[PDB]
């Protein structure tokens with residue numbers, strides 16, 4: 001018969017070798033990580049185990065994160081048993097089930113692709129949500145509701161199911177890679193059959209464009225957060241300038257110094273009155289939140305104008321009293337909104353940091369798969385090598401599978417105070 005590109009495809013026994021226990025160790029580590037993450041969630045988040053007084057407002061970001069964690073745990077409960085049975089029994093999937101001879105690998109690769117595409121789509125959805133939070137709050141409130149956090153996962157699963165059904169029809173049927181554990185979509189075919197290479201190319205391009213859209217959304221969210229931080233820093237600088245002008249007026253001697261301080265304070269107030277909080281952009285400037293702030297800034301401008309008029313006449317004690325009243329009145333109007341904006345910025349920074357630390361790993365683990373796939377329908381494959389390239393393919397599959405272990409074990413880092421305090425500190 002003909003010698004296929006895959007050297008150990010039809011092998012009935014798992015190919016002789018070493019590192020089987022490493023797979024089980026990695027599986028146990030990933031399972032422990034997922035369990036610890038779910039426990040930390042149930043303890044300090046959306047946990048529905050029982051009644052909790054606080055129960056913070058469930059955010060769409062945390063909803064999607066919990067959905068992704070549950071999907072990863074389900075994928076590792078469905079996949080790892082087969083790999084463990086293969087390693088312990090020393091038998092390949094294509095023969096480990098007499099009744100499901102080839103199905104035990106066909107459905108294995110189907111689940112692999114399904115969970116991969118589902119994780120990719122969920123990451124893209126989280127990135128879109130993070131990008132729409134800061135920059136498009138109106139559309140967020142009008143379309144992104146709390147029910148979306150739970151409706152995304154079913155829709156993503158249905159889409160992945162409808163997409164991965166093609167190989168069962170004839171477009172890109174699956175194959176078994178050397179190790180006997182792994183089975184995945186066929187990447188290298190020397191038989192040009194366009195129907196086979198087409199599904200692989202489509203899957204690779206889909207994953208590539210999804211990762212690209214995720215990176216673009218992450219960059220946009222970073223830019224929006226940087227703009228919000230710049231606005232907050234400008235507000236803080238204006239507040240410090242107002243405080244300095246107050247301190248100078250409360251101790252100034254000459255009338256010209258008081259006049260200059262009042263002029264600088266009025267300029268700072270004018271510059272600050274045209275600011276916009278990060279999230280308070282989807283509502284017109286009529287609601288109490290922005291209305292009270294604008295009224296306080298108008299009172300500030302009026303008091304500064306009165307102090308200027310007083311200084312023009314040569315009074316000092318009246319100007320000092322006006323500055324004291326201004327200082328007493330600005331607090332209740334500015335400090336609360338400043339603290340609220342700071343808390344919102346901290347929450348957005350946490351969300352964006354989590355999104356970025358997840359998408360970095362996702363890309364680092366997905367790029368080799370697409371690279372090898374393209375090395376398979378477009379670059380030559382005329383029996384370049386049967387072992388050196390198979391080792392690289394196995395390493396790519398391992399990096400693709402290790403995404404799970406690592407997502408959970410990353411997420412646990414954000415549930416610690418030291419990590420957030422260093423990041424929180426740096427940004428605040």
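Sequential numbering from 1, following the chain as shown.
The way this entry was determined, per its header, is electron microscopy, 3.4 Å.
Cβ coordinates are placed from backbone N, Cα and C, and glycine is handled just like the others.
For residue 105 (disulfide bond), the number of other Cβ atoms no farther than 10 Å from its own Cβ, over all displayed protein chains, is 26. Secondary structure from DSSP puts residue 105 (disulfide bond) in a helix. The disulfide bond annotation in Swiss-Prot covers 105-183.
Other Cβ atoms within 10 Å of the Cβ of residue 10 (N-linked glycosylation site), summed over all protein chains shown, number 12. Secondary structure from DSSP puts residue 10 (N-linked glycosylation site) in coil. If you look up Swiss-Prot, you'll see 10 (among others) marked as N-linked glycosylation site.
The annotation N-linked glycosylation site is assigned in Swiss-Prot to 90 (among others) on the grounds of sequence analysis. According to its DSSP assignment, residue 90 (N-linked glycosylation site) is coil.
Taken from Swiss-Prot, the feature N-linked glycosylation site covers 385 (among others), and the record attributes it to sequence analysis. If you take the C-beta of residue 385 (N-linked glycosylation site) and look for same-chain residues 6 or more apart in sequence within under 8 angstroms, you find none.
Look at the linker (338-345): DSSP puts its residues at 8 helix, 0 strand, 0 coil. The linker annotation in the PDB entry covers 338-345.
Summarising the annotation, Swiss-Prot assigns topological domain 'Extracellular' to 1-21 (among others). Beyond its flanks by at least six residues, the topological domain 'Extracellular' (1-21) meets 86-87, 90-92, 94-95, 175-181, 188-190, 381, 383, 386-387, 390 of its own chain at Cβ-Cβ distances under 8 Å.
Taken from Swiss-Prot, the feature topological domain 'Cytoplasmic' applies to 43-59 (among others), supported by sequence analysis. Through the fold, the topological domain 'Cytoplasmic' (43-59) approaches residues 66, 146, 149, 347, 351, 415 of its own chain, all at least 6 residues removed from its boundaries and within a Cβ separation under 8 Å.
Residues or ranges marked as topological domain 'Extracellular' by Swiss-Prot: 81-107 (among others).
What Swiss-Prot records for 129-150 (among others) is topological domain 'Cytoplasmic', and it gives sequence analysis as the kind of evidence.
Beyond the topological domain 'Extracellular' (172-195), the same-chain residues lying 6 or more positions past its ends with a Cβ under 8 Å from any Cβ of the stretch are 5-9, 11, 13-15, 17, 23, 82-83, 86-87, 91-94, 105-106, 108-110, 112-113, 166, 203, 372-373, 375-377, 381-383, 390, 393-394, 397. Taken from Swiss-Prot, the feature topological domain 'Extracellular' covers 172-195 (among others).
Under the heading topological domain 'Extracellular', Swiss-Prot lists 372-398 (among others), citing sequence analysis as support.
Same-chain residues lying 6+ beyond the ends of the transmembrane segment (22-42) with a Cβ under 8 Å from its Cβ atoms: 48-49, 66, 69, 72-73, 76, 80, 83-84, 87, 181, 402, 404-405, 408-409, 411-412, 415. Per Swiss-Prot, the feature transmembrane segment maps to 22-42 (among others).
Taken from Swiss-Prot, the feature transmembrane segment applies to 60-80 (among others), supported by sequence analysis.
Residues or ranges marked as transmembrane segment by Swiss-Prot: 108-128 (among others).
Counting residues 6+ beyond its ends, the transmembrane segment (151-171) has Cβ neighbours under 8 Å at 63-64, 67, 70-71, 106, 109-110, 113-115, 117-118, 121-122, 125, 185, 195-196, 198-199 in the same chain. Look at Swiss-Prot and you will find 151-171 (among others) tagged as transmembrane segment, backed by sequence analysis.
Annotated transmembrane segment per Swiss-Prot: 196-216 (among others), in sequence order. Among residues of the same chain six or more beyond the transmembrane segment (196-216), those with a C-beta under 8 A of the stretch's C-beta atoms are 113, 116-117, 120-121, 123-124, 127, 166-167, 171-173, 185-187, 189, 359, 362-363, 366-367, 369-370, 373-374, 376-378.
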Chain-internal residues near residue 183 (disulfide bond), provided their CB is under 8 angstroms and they sit 6+ positions away: 93, 94, 105, 106, 108, 109, 112, 174, 175, 176, 177
Residues of the topological domain 'Cytoplasmic' (129-150) by DSSP state, where helix covers H, G and I: 15 helix, 0 strand, 7 coil
Tertiary contacts of the topological domain 'Extracellular' (81-107), as residues 6+ beyond its ends and Cβ separation under 8 Å: 10-14, 20, 23-24, 27, 167-168, 173-174, 176, 180-181, 183
Number of Cβ atoms other than its own within 10 Å, given for residue 90 (N-linked glycosylation site): 13
Residues of the topological domain 'Cytoplasmic' (43-59) by DSSP state, where helix covers H, G and I: 2 helix, 0 strand, 15 coil
Long-range environment of the topological domain 'Extracellular' (372-398) - Cβ separation under 8 angstroms, sequence gap at least 6: 5-8, 177-179, 182, 184, 187-190, 197, 200-201, 203-204
Three-state secondary structure, residue 385 (N-linked glycosylation site) (per DSSP): coil
